[PDB]
Amino acid sequence: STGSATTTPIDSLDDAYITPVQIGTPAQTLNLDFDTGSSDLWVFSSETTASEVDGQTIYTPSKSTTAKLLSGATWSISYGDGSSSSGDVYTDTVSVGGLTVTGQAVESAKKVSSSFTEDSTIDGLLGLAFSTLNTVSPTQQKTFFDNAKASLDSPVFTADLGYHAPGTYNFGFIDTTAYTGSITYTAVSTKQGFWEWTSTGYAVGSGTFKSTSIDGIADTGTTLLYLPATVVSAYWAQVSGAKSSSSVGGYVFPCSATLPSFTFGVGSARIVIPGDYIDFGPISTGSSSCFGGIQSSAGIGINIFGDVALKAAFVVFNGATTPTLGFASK
């Protein structure tokens, strides 16, 4: 089997991408944030505290003839940005782009933090990291990809995120028309539960490539590119007037500036992030200070190849017995 679904930016800055997902019988379609940095499929639901729902579409398990309470199971998750959610669990039929999994754990939110309530465009998350990170207790549950894997033509999914445009998540096949040149594959460590890999270096603009190992994760659920402070300083030093602002929370730059590209290495190959992908716009409406899309990871504990980096590439998440990541230009 295969599946193929369009993913659409939630706003004009590509802050996140939503993909329609069919849950239950008859289908209830919710727009979920596919997140290769986490491993829970959770939704706003008829059980979510009413004051914490503000425009989202909810899953109502009582209206699904295939929903079953997973008795005794609870979940609770906290994300790198400080947001969180928790609740109980049903199993139900879940389909993405024509690919159907029966008995998928659907984590029903009883509580969500304010950032989720305040974003009416995201109805939940669909985690695509390794199932060892799933938070369901006392019996950890498998991700959608883990459940679908055996049925897929090939045990892979691909992320093809658009810049200011829709893109595609495919499951079970690699669309050879969706990229240019060849795909370069690189080793993955699953020891932390992430799609963790080692970039071979970077370049700023037309500058010389610096060969240096940068361990980080491929995370579709994080907006920006978070890299070591040395690398980030070298980038922003090429933008006149750019500075790190403690009050804003990272590097800002004059909105009048033209940004240089940023290149990252995948083995001997190179992925170029155009400068315009690094512009996240005014820090507040009408401001001439703009927020940068490359930020320091020094306070995170891990480097993160978020959407800024991934949307410059066609990315293969190879879930074979020994997983690997592939990157191609497009």
# chains A, B, ... in the order shown; residues from 1 in each chain; ligands from 1
call {"tool": "select_by_dssp", "arguments": {"residues": "region 180-267 of chain A", "states": "alpha helix (DSSP H)", "output": "list in words"}}
result
residues 229, 230, 231, 232, 233, 234, 235 and 236 of chain A
call {"tool": "write_last_selection", "arguments": {"atoms": "N, CA and C atoms", "output": "compact mmCIF listing (two decimals), in the first residue's frame"}}
result
# COMPACT_ATOMS: atom_id res chain seq x y z
N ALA A 229 25.94 27.89 18.51
CA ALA A 229 26.07 29.35 18.54
C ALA A 229 27.17 29.85 17.61
N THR A 230 28.25 29.07 17.45
CA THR A 230 29.33 29.46 16.55
C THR A 230 28.83 29.60 15.12
N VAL A 231 28.06 28.61 14.66
CA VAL A 231 27.54 28.61 13.29
C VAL A 231 26.57 29.75 13.10
N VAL A 232 25.67 29.94 14.07
CA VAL A 232 24.65 30.98 13.95
C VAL A 232 25.27 32.37 13.96
N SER A 233 26.28 32.59 14.80
CA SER A 233 26.98 33.87 14.80
C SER A 233 27.65 34.13 13.45
N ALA A 234 28.26 33.11 12.86
CA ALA A 234 28.90 33.28 11.56
C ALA A 234 27.88 33.66 10.50
N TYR A 235 26.68 33.09 10.57
CA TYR A 235 25.64 33.44 9.61
C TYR A 235 25.23 34.91 9.77
N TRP A 236 24.83 35.30 10.99
CA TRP A 236 24.23 36.62 11.17
C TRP A 236 25.26 37.72 11.06
call {"tool": "residues_around", "arguments": {"residues": "residue 287 (chain A)", "least_positions_apart": "4", "cutoff": "12 Å", "atoms": "only C-alpha atoms", "output": "number ranges by chain"}}
result
A: 252-256, 281-283, 291
call {"tool": "write_last_selection", "arguments": {"atoms": "C-alpha atoms", "output": "PDB file, in the first residue's frame"}}
result
ATOM      1  CA  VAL A 252      16.716  39.814  14.704  1.00  0.00           C
ATOM      2  CA  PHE A 253      17.719  41.798  11.643  1.00  0.00           C
ATOM      3  CA  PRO A 254      16.593  44.916   9.785  1.00  0.00           C
ATOM      4  CA  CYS A 255      13.600  44.140   7.625  1.00  0.00           C
ATOM      5  CA  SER A 256      15.326  46.144   4.857  1.00  0.00           C
ATOM      6  CA  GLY A 281       8.999  38.823   9.253  1.00  0.00           C
ATOM      7  CA  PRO A 282       8.402  41.645  11.694  1.00  0.00           C
ATOM      8  CA  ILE A 283       8.733  40.765  15.377  1.00  0.00           C
ATOM      9  CA  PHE A 291      12.902  37.649  13.223  1.00  0.00           C
TER      10      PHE A 291
END
call {"tool": "atom_distance", "arguments": {"atom1": "CA of residue 328 (chain A)", "atom2": "CA of residue 190 (chain A)"}}
result
21.7 Å
call {"tool": "closest_residue", "arguments": {"among": "A:221, A:162, A:55, A:205", "to": "residue 32 (chain A)", "atoms": "only C-alpha atoms"}}
result
A:221
call {"tool": "residues_around", "arguments": {"residues": "residue 227 (chain A)", "least_positions_apart": "4", "cutoff": "9 Å", "atoms": "only C-alpha atoms", "output": "ChimeraX atom specification"}}
result
/A:214,216,231-232,294-298,302-305
call {"tool": "residues_around", "arguments": {"residues": "residue 53 (chain A)", "least_positions_apart": "2", "cutoff": "6 Å", "atoms": "only C-alpha atoms", "output": "JSON, numbers by chain"}}
result
{"A": [50, 51, 117]}
call {"tool": "write_last_selection", "arguments": {"atoms": "N, CA, C and O atoms", "output": "compact mmCIF listing (two decimals), in the first residue's frame"}}
result
# COMPACT_ATOMS: atom_id res chain seq x y z
N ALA A 50 -13.76 22.63 27.68
CA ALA A 50 -14.43 23.48 26.70
C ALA A 50 -13.73 24.83 26.54
O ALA A 50 -13.61 25.34 25.42
N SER A 51 -13.28 25.42 27.64
CA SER A 51 -12.60 26.71 27.60
C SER A 51 -11.26 26.65 26.87
O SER A 51 -10.70 27.70 26.56
N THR A 117 -4.63 26.04 22.24
CA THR A 117 -5.94 26.68 22.18
C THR A 117 -5.91 27.87 21.25
O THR A 117 -6.84 28.10 20.47
call {"tool": "atom_distance", "arguments": {"atom1": "CA of residue 225 (chain A)", "atom2": "CA of residue 318 (chain A)"}}
result
21.7 Å
call {"tool": "select_by_dssp", "arguments": {"residues": "region 44-261 of chain A", "states": "strand (DSSP E or B)", "output": "MDAnalysis selection string"}}
result
chainID A and resid 45 59 68:78 84:96 99:112 124:127 137 156:160 167:171 184:187 189 196:204 210:218 225:227 243:245 250:254
call {"tool": "closest_atom_pairs", "arguments": {"of": "region 158-256 of chain A", "to": "region 93-107 of chain A", "cutoff": "12 Å", "atoms": "only C-alpha atoms", "output": "CSV"}}
result
residue,atom,partner,partner_atom,distance
A:168,CA,A:97,CA,9.8
A:169,CA,A:97,CA,8.5
A:170,CA,A:97,CA,8.0
A:171,CA,A:99,CA,7.8
A:172,CA,A:99,CA,9.2
A:173,CA,A:99,CA,11.9
call {"tool": "decode", "arguments": {"residues": "region 155-194 of chain A", "atoms": "N, CA and C atoms", "output": "compact mmCIF listing (two decimals), in the first residue's frame"}}
result
# COMPACT_ATOMS: atom_id res chain seq x y z
N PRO A 155 9.24 0.58 3.33
CA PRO A 155 9.03 1.10 4.70
C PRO A 155 9.61 2.50 4.87
N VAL A 156 9.01 3.46 4.17
CA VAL A 156 9.53 4.82 4.08
C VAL A 156 8.37 5.80 4.09
N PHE A 157 8.68 7.03 4.50
CA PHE A 157 7.81 8.16 4.20
C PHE A 157 8.70 9.31 3.77
N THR A 158 8.11 10.26 3.04
CA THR A 158 8.87 11.39 2.56
C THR A 158 8.15 12.67 2.91
N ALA A 159 8.94 13.71 3.21
CA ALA A 159 8.45 15.05 3.48
C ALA A 159 8.95 15.98 2.39
N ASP A 160 8.02 16.66 1.73
CA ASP A 160 8.32 17.61 0.66
C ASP A 160 7.55 18.88 1.01
N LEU A 161 8.10 19.67 1.92
CA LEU A 161 7.42 20.86 2.41
C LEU A 161 7.65 22.02 1.47
N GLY A 162 6.61 22.81 1.25
CA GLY A 162 6.70 23.96 0.36
C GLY A 162 7.16 25.22 1.07
N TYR A 163 7.78 26.11 0.31
CA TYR A 163 8.05 27.47 0.76
C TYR A 163 6.87 28.34 0.36
N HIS A 164 6.11 28.81 1.35
CA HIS A 164 4.95 29.65 1.09
C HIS A 164 3.99 28.98 0.11
N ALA A 165 3.88 27.66 0.21
CA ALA A 165 3.05 26.89 -0.71
C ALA A 165 2.80 25.52 -0.12
N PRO A 166 1.79 24.81 -0.61
CA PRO A 166 1.58 23.43 -0.18
C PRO A 166 2.70 22.50 -0.64
N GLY A 167 2.80 21.39 0.07
CA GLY A 167 3.74 20.33 -0.25
C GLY A 167 3.06 18.99 -0.05
N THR A 168 3.86 17.95 0.19
CA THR A 168 3.35 16.58 0.17
C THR A 168 4.05 15.71 1.20
N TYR A 169 3.26 14.88 1.88
CA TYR A 169 3.77 13.73 2.62
C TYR A 169 3.34 12.48 1.87
N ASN A 170 4.31 11.65 1.50
CA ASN A 170 4.04 10.35 0.90
C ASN A 170 4.48 9.24 1.84
N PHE A 171 3.73 8.14 1.80
CA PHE A 171 4.02 6.95 2.58
C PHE A 171 4.15 5.75 1.66
N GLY A 172 5.26 5.03 1.78
CA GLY A 172 5.42 3.76 1.09
C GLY A 172 6.08 3.82 -0.26
N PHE A 173 6.45 5.00 -0.75
CA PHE A 173 7.10 5.10 -2.05
C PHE A 173 7.86 6.41 -2.13
N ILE A 174 8.84 6.46 -3.04
CA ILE A 174 9.65 7.65 -3.27
C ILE A 174 9.33 8.17 -4.67
N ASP A 175 8.71 9.36 -4.74
CA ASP A 175 8.27 9.97 -5.99
C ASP A 175 9.50 10.54 -6.66
N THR A 176 10.01 9.82 -7.67
CA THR A 176 11.24 10.24 -8.33
C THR A 176 11.06 11.49 -9.19
N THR A 177 9.84 11.98 -9.36
CA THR A 177 9.62 13.23 -10.08
C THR A 177 9.66 14.44 -9.16
N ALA A 178 9.80 14.23 -7.85
CA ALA A 178 9.62 15.30 -6.88
C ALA A 178 10.93 15.96 -6.49
N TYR A 179 12.05 15.54 -7.06
CA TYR A 179 13.34 16.10 -6.68
C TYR A 179 14.24 16.11 -7.91
N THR A 180 15.31 16.89 -7.82
CA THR A 180 16.32 16.96 -8.85
C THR A 180 17.57 16.23 -8.39
N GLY A 181 18.40 15.82 -9.35
CA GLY A 181 19.61 15.12 -9.01
C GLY A 181 19.34 13.80 -8.30
N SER A 182 20.23 13.46 -7.37
CA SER A 182 20.15 12.20 -6.63
C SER A 182 19.90 12.46 -5.15
N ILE A 183 19.39 11.43 -4.48
CA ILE A 183 19.15 11.49 -3.04
C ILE A 183 20.41 11.00 -2.34
N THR A 184 20.92 11.77 -1.39
CA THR A 184 22.06 11.33 -0.60
C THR A 184 21.57 10.84 0.75
N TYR A 185 21.87 9.59 1.07
CA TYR A 185 21.45 9.01 2.33
C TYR A 185 22.55 9.11 3.37
N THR A 186 22.13 9.21 4.63
CA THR A 186 23.04 9.41 5.75
C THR A 186 22.52 8.63 6.95
N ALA A 187 23.45 8.21 7.81
CA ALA A 187 23.10 7.34 8.92
C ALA A 187 22.25 8.06 9.97
N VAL A 188 21.41 7.27 10.64
CA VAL A 188 20.52 7.75 11.68
C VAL A 188 20.84 7.01 12.97
N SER A 189 20.88 7.74 14.08
CA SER A 189 20.87 7.15 15.40
C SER A 189 19.46 7.26 15.98
N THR A 190 18.94 6.14 16.48
CA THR A 190 17.64 6.15 17.14
C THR A 190 17.76 6.17 18.66
N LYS A 191 18.97 6.39 19.20
CA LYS A 191 19.20 6.24 20.63
C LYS A 191 18.38 7.22 21.46
N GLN A 192 18.05 8.39 20.92
CA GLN A 192 17.20 9.34 21.62
C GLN A 192 15.76 9.34 21.11
N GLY A 193 15.41 8.41 20.22
CA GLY A 193 14.08 8.31 19.70
C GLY A 193 13.78 9.21 18.53
N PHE A 194 14.76 9.98 18.07
CA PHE A 194 14.59 10.96 17.00
C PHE A 194 15.24 10.46 15.71
